[PDB]
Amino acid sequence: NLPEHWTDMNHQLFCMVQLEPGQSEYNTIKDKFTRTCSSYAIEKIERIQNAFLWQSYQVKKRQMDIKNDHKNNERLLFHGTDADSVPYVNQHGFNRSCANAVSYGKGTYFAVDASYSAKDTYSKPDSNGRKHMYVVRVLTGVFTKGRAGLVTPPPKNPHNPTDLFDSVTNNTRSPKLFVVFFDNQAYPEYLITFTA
């Protein structure tokens, strides 16, 4: 059911857990961020333990692993958001109806590089200069190049137009962004609070 690295929730279903600086889990997530954002200052990293979001995501993951006949469907990506959206994402995940640029489709956008999500247009500095970025488990699955105005990914072969790609990208050979068009294709795993 619930992942091993999660800590006890006293029979509750939602908790934001601040990570201890210098332990393995904190160090792994900090490393992913500082690869492109070494010039920023990390205030804290919180593990998001949202049982409902996790359950709905794990269901979609098992479905995509069955449909794709292989289990290489997940990537870790970044998502910058404004402070006022943070409670929403913690509790409800990412909502294409809320989503800035949509040149590759009307979905939720995720960056390969923290540096892209660190842009003020995405991770808007709050009145205290705090910026907020998620590390997100994303079911990118089998992907294709996106285009403006997509409401879902294109068909995997427009002879069978309901069999869809899982996500779209800017560039299939060297992707820097992914767009997903369904709820529960993305699990917000950590929230990084940082400053310029």
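We call the rigid core the largest set of C-alpha positions that still match within 1.5 Å between the two forms. All residue numbers are counted from 1 along the displayed sequence.
- Stretch comparison, 111 to 119 versus 68 to 76: after rigid core superposition, larger RMS CA deviation in 9 other deposited structures of this protein is found for 68 to 76.
- Fitting each structure in 9 other deposited structures of this protein onto the rigid core and averaging C-alpha distances over structures and residues, 2 to 10 emerges as the more displaced of 2 to 10 and 185 to 193.
- Note: missing coordinates for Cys98 occur in none of the other compared entries bracketing this position, so the one-third threshold is not reached.
- Gap check for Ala99 to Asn100: 1 to 3 deposited residues are absent from the model.
- When the mean C-alpha temperature factors of 112 to 120 and 70 to 78 are read from the deposited coordinates, 70 to 78 comes out higher.
- Annotation for 121 to 129 versus 82 to 90: the higher mean temperature factor (C-alpha) is found in 121 to 129.
- By the numbers in the PDB entry, the CA B factor is greatest at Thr162 among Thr162, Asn170, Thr140, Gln55.
- Sort the chain's modelled residues by C-alpha temperature factor and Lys44 lands in the middle third, per the entry.
- In this PDB entry, the Cα temperature factor of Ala186 sits in the bottom third of its chain's modelled residues, the lowest group.
- In this PDB entry, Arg147 carries a Cα temperature factor that places it within the middle third of its chain's modelled residues.
- For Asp31, the recorded CA B-factor ranks within the highest third of the chain. Only modelled residues enter the ranking.
- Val179 sits in the lowest third of its chain by CA B factor, as recorded in the PDB entry.
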